[PDB]
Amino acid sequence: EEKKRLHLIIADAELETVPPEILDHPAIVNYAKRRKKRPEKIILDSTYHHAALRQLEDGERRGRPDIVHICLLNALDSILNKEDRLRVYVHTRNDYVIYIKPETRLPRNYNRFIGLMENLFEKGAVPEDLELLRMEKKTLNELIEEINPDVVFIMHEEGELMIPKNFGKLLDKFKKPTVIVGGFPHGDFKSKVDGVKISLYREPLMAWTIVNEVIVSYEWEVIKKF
C-alpha cells in the first residue's frame, strides 16, 4: 500500500433500489410480482421500469446499473488490476459508496450482477465472510478524504483536453491519483468536489470508454515491464 496505484471512482452512479415514490406504479408492481420480490428490494432498471420513471425527477437518466456493470467488468479484468495498480469504488446518486476488493470476480452476466447488487443493498456486504463488496452511506468528498490522494482528476468532456497517452503519463507523476468518472448516461455531475477536469475527446463518450482510455494509458506508464 505504498506503490503507485490509480484510485478510480465511478461517481453519482445511477444504481439504486426502486425509488420509494414509484413502488406502487403498475410497471413496478407487475415486475416485482413476476420476479416474486419486494419492489423496495429491487434494483431500478430503466429497461423494465421506464413507464414508472416518466414522472420521477431525473427519471430519464435514472436506473442505469448497466453502466456500472460494464465499467467494473472493464476495470476489474484489466491488466492494471492484475498488477495490483488499481483500486475501484462506486459512489451512487443517493450518497452510498461501494468498496470493492481488487480480487473480486464480478458476474459477467448482467442479470447475475443485478442479483448481486440486490444482495449487496440488502445485506450491506457480500459475501458474508469475505465482504468483497461493502456498502455504506457516504458522500463523494468523504470518500476522497478517506483515499487522501495527492491529486483528484474529474473526467469531463469540458475539461482540459489531453491526448489519452499523455494523461497516462501525467497520472504516473503522482503517488495516489484519484480519477472520477460519472456513472450516469448524460447530464452534469451531482457531486461537485474539488478536482482537475480532464477531457480525452471533444465529443461525449460513455463511461466505460473513458475507463478504458484512463486504465490502458496508465498501464503503459506505471507497469515498468511495459
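Heads up: residue numbers just count along the shown sequence, starting at 1.
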Query raised in the report: Which wins on mean Cα temperature factor, 37-45 or 66-74?
Result: 37-45
Query raised in the report: Quick one: higher average CA temperature factor, 123-131 or 96-104?
Result: 123-131
**Report entry** Peak C-alpha temperature factor (PDB record), options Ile22, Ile10, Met206, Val216
**Finding:** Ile22
Query raised in the report: For the listed residues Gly182, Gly159, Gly187, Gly195, which one has the largest C-alpha B-factor as given in the deposited model?
Result: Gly187
Requested in this report: Comparing against every modelled residue in the chain, figure out the third that the C-alpha B-factor of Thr178 lands in (lowest, middle or highest).
Outcome: lowest
Query raised in the report: Which third of the chain holds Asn166 when residues are ordered by C-alpha B factor: lowest, middle or highest?
Result: middle
